[PDB]
Amino acid sequence: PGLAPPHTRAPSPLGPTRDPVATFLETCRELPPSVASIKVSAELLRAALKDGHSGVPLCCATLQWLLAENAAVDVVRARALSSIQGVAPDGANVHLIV
Amino acid sequence: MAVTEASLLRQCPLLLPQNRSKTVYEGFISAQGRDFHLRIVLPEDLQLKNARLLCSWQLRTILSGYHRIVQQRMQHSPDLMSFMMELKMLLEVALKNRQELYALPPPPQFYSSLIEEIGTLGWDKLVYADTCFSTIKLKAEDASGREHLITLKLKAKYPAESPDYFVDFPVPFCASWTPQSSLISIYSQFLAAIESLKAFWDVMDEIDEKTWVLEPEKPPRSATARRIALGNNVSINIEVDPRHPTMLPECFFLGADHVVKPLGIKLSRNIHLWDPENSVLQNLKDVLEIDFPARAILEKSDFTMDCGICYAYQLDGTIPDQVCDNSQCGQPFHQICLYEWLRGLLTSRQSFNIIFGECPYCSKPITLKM
Amino acid sequence: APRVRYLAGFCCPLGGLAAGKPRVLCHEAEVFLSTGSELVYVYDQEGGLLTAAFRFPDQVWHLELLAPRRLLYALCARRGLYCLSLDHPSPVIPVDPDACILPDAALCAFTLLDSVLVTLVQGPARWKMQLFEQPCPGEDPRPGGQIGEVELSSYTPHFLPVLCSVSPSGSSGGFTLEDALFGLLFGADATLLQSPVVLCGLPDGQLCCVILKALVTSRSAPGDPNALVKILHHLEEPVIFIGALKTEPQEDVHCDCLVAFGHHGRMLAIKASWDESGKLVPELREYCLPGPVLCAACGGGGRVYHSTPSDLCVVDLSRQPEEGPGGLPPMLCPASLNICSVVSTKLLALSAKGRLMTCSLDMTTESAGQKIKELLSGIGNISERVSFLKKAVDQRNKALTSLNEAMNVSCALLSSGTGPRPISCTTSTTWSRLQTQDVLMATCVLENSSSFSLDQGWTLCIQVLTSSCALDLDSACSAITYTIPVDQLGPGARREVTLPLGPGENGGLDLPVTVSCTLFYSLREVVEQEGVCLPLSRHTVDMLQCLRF
Amino acid sequence: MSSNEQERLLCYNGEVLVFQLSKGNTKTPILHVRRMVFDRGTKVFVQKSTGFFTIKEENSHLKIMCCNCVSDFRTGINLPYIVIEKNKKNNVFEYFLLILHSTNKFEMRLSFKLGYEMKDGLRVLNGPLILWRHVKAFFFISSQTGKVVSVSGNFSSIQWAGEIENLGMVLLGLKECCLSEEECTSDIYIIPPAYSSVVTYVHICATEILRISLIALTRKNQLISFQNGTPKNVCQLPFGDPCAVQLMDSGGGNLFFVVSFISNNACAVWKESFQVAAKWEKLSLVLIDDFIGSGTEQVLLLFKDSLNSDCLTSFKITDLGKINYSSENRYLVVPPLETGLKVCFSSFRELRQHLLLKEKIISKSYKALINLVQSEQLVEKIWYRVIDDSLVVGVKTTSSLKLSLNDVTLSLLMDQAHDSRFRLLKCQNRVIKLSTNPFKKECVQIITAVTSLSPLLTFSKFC
Amino acid sequence: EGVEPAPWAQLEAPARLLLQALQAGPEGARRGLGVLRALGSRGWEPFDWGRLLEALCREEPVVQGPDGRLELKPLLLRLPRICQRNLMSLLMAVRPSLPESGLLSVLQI
Ligand SMILES: [Zn+2]
Ligand SMILES: [Zn+2]
């Protein structure tokens, strides 16, 4: 949504903070953002990727080729950008960086 | 907001419209943590030149004196919004004026702490307490043994804001008030300020002790000046600086011209002989080259015969003959001065030539016959 | 020192003892009591011990006495009247109907002058009052023969109506008034006659006056009410108490303050002004006091002593004339009933627990600090309670503000400004695909165009109606209803959903179809059946919004 | 306390009664009675009178059992009783009842002579009615009858007991059950039988029509309110072992509930905010009365005869309001203290008075709003049932309503407080027309809709 | 109808008198001194200036400019010009015996 073309105010997903089942359970019964990273050779990335799209040397075509599946990648192509926040299927917001 | 669609809510939030053609509203309206009831009706057109309005008697009590103002505002104001704004303003004003009536402490902060600090200071100390507990007073000695009292007015919050202090001695006393600052803190500051001026007190002590001090009679501690009789039918008047009480004062005399001059020149010639090391009396006796009457007549010092209006004698030849029919005032007055007084007075009333009205000093019936 | 002393306590049920029915009096040093049951009790006023106890049947309902005769009266409920020797040659006593008289058995009220007797009775639809005689000599206890009766032409039927006796000067358990007030209220006649007057207050609330020296009627001469009885003014709630009181206090104390006293708390009071017209004028008032009012009395110097279910309370009148508002404090004694007020003020009353008691009104070092300690602890006790009130009050105000916005919204919608601007809602026709098929959907959009924030309490409904017709055959899904909790819309913000209109049973879809929006509001959520509803929009989906290409 | 030398205490109409056996040498022990009152001069207690009752037999194991004010039937007058066990040690016991007069003189009203020994779930009621039970055998004896009698219904325990208007004497041992004593055997608006598992003591408030307003408390250290059987307003307790409760008024709306414990401690909790306001410990005994002469009632707390071999020492009294008592000038300030206190109480009172106006205006605005939008019964009634997992709701209607001229619907809505999230609710609408005895004439036209149920059973409940 | 009371008409007698004195032309200045002389002579030596300043500062309404416009003024500006100036002149001289807290707000005016 942060990179959304239309800039729509589609409201936040606000995934369920409980199951129906566990709500029922308790209701009868009476922080650091985790992070991870990897690295890889610029040469490996070029020689694998290259197919020169245009080529903003690295991190950008890296992100495109990582998200060639997710249909909102031709938008990152117009807005070549090495870090964004997508949301999820199942709630919480996530950032990535390249 | 600019348009009265949000503004009326923001500014009359606990007042609600009952009707669709929005003419009849009702409900509460807030000020100073207190809410007051109103029931208001307009005509079908939303003009205020005729608009019905009632309140609570709680409210009309508090708007005693401005009912006319309100009735006039109802005609003058074009918008109800403007009208209610003026109303809130007026309301806050009349509250602050009658603020003696309205007082709600945070007691456990207030009373408990106050008492603990007083127990800390000492039960010997306290002199007085108001039932509101807004006002109190306290005492200090000097090592001389001079008693000096202070009075304290307290706001809603004692530690939050600084209490107002009123003390006998003249200089503009000040003291640091933190929220950490307490009764004992300000008391220690007052104690320092006492001995800061100890000389000036010893000065005034010797003056009033030995001498025919004239009219700071039974003086206070703020009394800077001293009028002293000397010889007969002549009086010096003097004023001191307490930062340098031993210093020369500013001084001069009143009385008869011929008796005045020679002492004037004695002073003019012996002034360089000032010694701010011995008694000021010691300086005075040998600068003016004289000794003084120690209460030459303690009884009949001066039953003053001045106007009391213009504080003068011989007003265009006239004597302040007109007096008070009172044992406690007895004050002479001039015909014309007392006239122009009681004329401008609203309470007065004119007979054919005789007029009656209140004595300026004591407010008792006094009669003037032109 | 102890301003209150308890003498005795009684059998009492839950809730409490009955409003009005119990009554208690004291002669000089004797006390006579009715617990609004069959029983009556008599005790010494010095010693709380008992002297006598009287078993009647048929709940006691009213009492009177006459000191000169050493008798008591009583009104058993469904029977009529009884009367008792106070000398009266366990200490319980029963009664036999040897003592009883005139058991008319339908009558409710009675009063007493010195040697005359007056009664009010429920008949059918029109009640009626009767005047009886009372044997003045040392007689066998009699009425004698009654003298004249009238129909209460007005009243058309727990709460007993009440009677009060009103005499002018020169001539009683009643209340003597002043000549100015007679000439004000009762007219030239009763003044000319020095006629006693009787006021009757009715469970209706209305209130009527009557003249004895005009009320004598017979079998050849009936009691036409249309003149003989008259009405003051309809106190529109039932009647509890009538008095008469002394203002300007500068036994036979001539009053000038008329006092009427309702249940819900309409007090009414009247006085003479005789001003601004060169003639006699009445000063009226119609007060509004607190709570359901139980019991009343009269203390020396315009001091009414009354009870509300919270507490025991008071109103002084002693002085425009007397009083604009009815300000009122307590005395810090509970909600009571059955009060009696004597002068020295001292008084006697009964507590809803069923307890008898007597109200009597008006330095040490190192215990000083204990006194101060107690004071501080007490204030600390009060403080939290005050704070709780404050917090609750905050909540109430918040609710009010919410409400005001809601009202603003509603009015904004209902008045059309070339369009229901502040809220709008659209719907659009959008195809889709599902498991195999080209399904039709309908997007619904909601927009806030104003500043009015729609918040907790609101909720939205839509209802889809798959036809514009009514059938012989009772189709099986006439329409569908989607409802959603709108929550914190905000201004300039927006919600959206999307709906399956489309065919779900046997390939069925027909067109004119319409989709109808609404909002609701829930006065009850924010803390006859209560809620309201707002149309907001209407859109019709037809063939020309579903064609693919 | 019960022994040949121990004593028991009681409160009565602004004073206090001590009932103590004294081994009178010649004699077997004699009951000796003190009637005492609070001073308010020295803030102590004083003997105002005494009485006594001589005893005849040479049998020890005389024993006080209980005491209260009971409202005799022959009079209708509150009066102090005492119950005595008289154990001849023959495995035979008299079980006397006495009641005492204004005269400080006694009067027996039941001998009653049991062979076996009661401990008991013992209690006492209006006509001097003893009520007891040894093993699952509930009995009562009046002073009228003077004979042993049993109760019809069999119970576990008989917690509450007392007269009620239009009924005479009633009891409550099973919340299902609702007895009389005259004609043994209303069970209609009694609590949740779910709560029947937990409640151990009850104290009722008031009665209407059937309906009541009632109070309870569980083994869970709770305190509950009920009106029409509606579980509103629960609190929670510091301590455990809830023995029993009483009430106090303490002036206008300053009401309180006063709970003892078998742990020898207690709580006082305020009304309009179900909440502990104060708590006390070790509590030798407790009593509730206007001991002063102020108008309203107060409470007394007794601490631990560990102190002395003397009862009436070690005391405290408090309204929890302007009253508090117990066992270098400084005087310039007392008047301001009292002034601030009383102004504070005044503002308290006026805040209640003001709060009510707030709520009144709220309701005024409700009705005003509902009128702002704008008679006949276009409905008869609602009904509904479950099927298996598909709730259905429906409506019987009238001739006022004609479906040929108006398309109609029936929505549902949820009260968001229970289910506090976004989610949708969908309901399917069905006309149903029927004919009644064709073989004008009646045509029935009902309207109803269906939806799902397991999605909503989230908080075990909803509305 | 076309009469008003004194705006000081509601006050402590000494201070109200003092105002009625300062009203009186230029010389009213020195009459101010005479008042204080007379009162330090009189039984009430302690003249609470603190009291006085509060009343000076305290606000009250007026309807001036057009007929349809309210505003507020403290006592100090609504009272007549000559009394203002005379008063100010006296204050200069008694400046030692005055409290800063009130003086400051007075000066803000
Ligand atoms: Zn003059
Ligand atoms: Zn004078």
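See the values below:
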{"quantity": "Selected residue (criterion: farthest from the other protein chains (Cβ to nearest Cβ)) from residues of the range C:362-396 that are of a type in the set (V, I, T) and either closer than 26 Å to B:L14 by Cα or not in a helix (DSSP H, G or I) (or both)", "calculated": "C:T364"}
{"quantity": "Entirely in the range D:253-351, the strands (runs of 3 or more DSSP E) that have 2 or more residues that are of a type in the set (S, T, Y) and within 11 Å of chain C (Cβ to nearest Cβ)", "calculated": "D:324-326"}
{"quantity": "Residue that is farthest from the other protein chains (Cβ to nearest Cβ), among those in the range D:73-95 that are farther than 22 Å from D:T28 by Cβ and surrounded by fewer than 18 Cβ atoms within 10 Å (Cβ to Cβ)", "calculated": "D:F73"}
{"quantity": "Filtered residue count, the range B:126-162, keeping only those that are at negative phi, within 10 Å of chain D (Cβ to nearest Cβ) and part of a loop (DSSP other than H, G, I, E, B)", "calculated": "6"}
{"quantity": "Cross-chain or 6+ apart pairs with Cβ under 7 Å, the range B:323-335 first and on the phi > 0 side of the Ramachandran plot and within 13 Å of chain E (Cβ to nearest Cβ), then in a loop (DSSP other than H, G, I, E, B) and within 10 Å of ligand 2 (Cβ to nearest atom)", "calculated": "B:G330/B:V323; B:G330/B:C324"}
{"quantity": "Members of the range C:101-131 found to be under 26 Å from the mean Cα position of the chain (by Cα) and crowded, with 20+ Cβ neighbours inside 10 Å, listed by number", "calculated": "C:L107, C:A109, C:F110, C:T111, C:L120, C:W127"}
{"quantity": "Selection count, the range B:141-170, where residues are over 21 Å from the mean Cα position of the chain (by Cα) and surrounded by 17 or more Cβ atoms within 10 Å (Cβ to Cβ)", "calculated": "1"}
{"quantity": "Residue ID - farthest from the other protein chains (Cβ to nearest Cβ), chosen from residues in the range D:382-422 that are surrounded by fewer than 13 Cβ atoms within 10 Å (Cβ to Cβ) and of a type in the set (K, R)", "calculated": "D:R385"}
{"quantity": "Number of positions in the range B:293-328 that are surrounded by 12 or more Cβ atoms within 10 Å (Cβ to Cβ), farther than 15 Å from E:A38 by Cβ and hydrophobic (A, V, I, L, M, F, W, C)", "calculated": "4"}
{"quantity": "Pairs, first at the interface with chain D (Cβ under 9 Å from one of its Cβ atoms) in the range A:12-23, second part of a loop (DSSP other than H, G, I, E, B) and surrounded by 10 or more Cβ atoms within 10 Å (Cβ to Cβ), C-beta under 6 Å, six or more apart", "calculated": "A:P20/D:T458; A:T23/D:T458"}
{"quantity": "Residue in the range B:278-287 that is away from ligand 2 (no atom under 16 Å from the Cβ), surrounded by 14 or more Cβ atoms within 10 Å (Cβ to Cβ) and among the polar types (S, T, N, Q) present", "calculated": "yes"}
{"quantity": "Given (1) closer than 20 Å to C:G531 by Cβ; (2) more than 14 Å from chain B (Cβ to nearest Cβ); (3) surrounded by 15 or more Cβ atoms within 10 Å (Cβ to Cβ), index of the condition D:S365 fails", "calculated": "(2)"}
{"quantity": "Filter result for C:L454 (buried (at least 16 other Cβ atoms within 10 Å of the Cβ), facing another protein chain (nearest Cβ under 7 Å) and under 45 Å from the mean Cα position of the chain (by Cα))", "calculated": "no"}
{"quantity": "Residues within the range C:6-22 that are more than 7 Å from chain D (Cβ to nearest Cβ) and in a loop (DSSP other than H, G, I, E, B), tallied", "calculated": "8"}
{"quantity": "Scan of the range E:17-36 for residues that are within 12 Å of the chain's Cα centre (by Cα) and within 10 Å of another protein chain (Cβ to nearest Cβ), ordered by number", "calculated": "E:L17, E:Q20, E:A21, E:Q23"}
{"quantity": "Check on B:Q11, under 25 Å from B:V93 (Cβ atoms) and away from every other protein chain (no Cβ under 12 Å)", "calculated": "no"}
{"quantity": "Helices (runs of 4 or more DSSP H) fully within the range B:256-370 counting 2 or more residues that are within 16 Å of ligand 1 (Cβ to nearest atom)", "calculated": "B:335-344"}
{"quantity": "Test set (1) more than 8 Å from every other protein chain (Cβ to nearest Cβ); (2) under 22 Å from D:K381 (Cβ atoms); (3) of a type in the set (D, E, K, R); (4) surrounded by 15 or more Cβ atoms within 10 Å (Cβ to Cβ) - D:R430 fails condition number", "calculated": "(1)"}
{"quantity": "Condition check for C:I480: at the interface with another protein chain (Cβ under 8 Å from one of its Cβ atoms) and among the hydrophobic types (A, V, I, L, M, F, W, C)", "calculated": "yes"}
{"quantity": "Lone unmet requirement of (1) surrounded by 14 or more Cβ atoms within 10 Å (Cβ to Cβ); (2) of a type outside the set (S, T, Y); (3) closer than 30 Å to D:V234 by Cβ for A:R46", "calculated": "(3)"}
{"quantity": "Verdict on B:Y361 being away from ligand 2 (no atom under 12 Å from the Cβ), within 13 Å of chain E (Cβ to nearest Cβ) and among the aromatic types (F, W, Y)", "calculated": "no"}
{"quantity": "Subset tally (residues that are surrounded by fewer than 18 Cβ atoms within 10 Å (Cβ to Cβ) and touching a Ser or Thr at 6+ places or on another chain (Cβ under 9 Å)) for the range D:332-350", "calculated": "3"}
{"quantity": "Within the range B:295-346, considering residues that are aromatic (F, W, Y) and farther than 21 Å from B:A229 by Cα, the one nearest to ligand 2 (Cβ to nearest atom)", "calculated": "B:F333"}
{"quantity": "Residue check for C:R421: basic (K, R), outside any helix (DSSP H, G or I) and out of contact with any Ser or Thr (no Cβ under 8 Å at 6 or more places or on another chain)", "calculated": "no"}
{"quantity": "Filter result for B:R60 (in a helix (DSSP H, G or I) and either in contact with an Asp or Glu (Cβ under 9 Å, 6 or more places away or on another chain) or more than 14 Å from chain E (Cβ to nearest Cβ) (or both))", "calculated": "yes"}
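We place every Cβ from the backbone using ideal geometry, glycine too, and count neighbours over all the protein chains shown. Since every read-out is calculated from the coordinates, none of them should be taken as a lab result.
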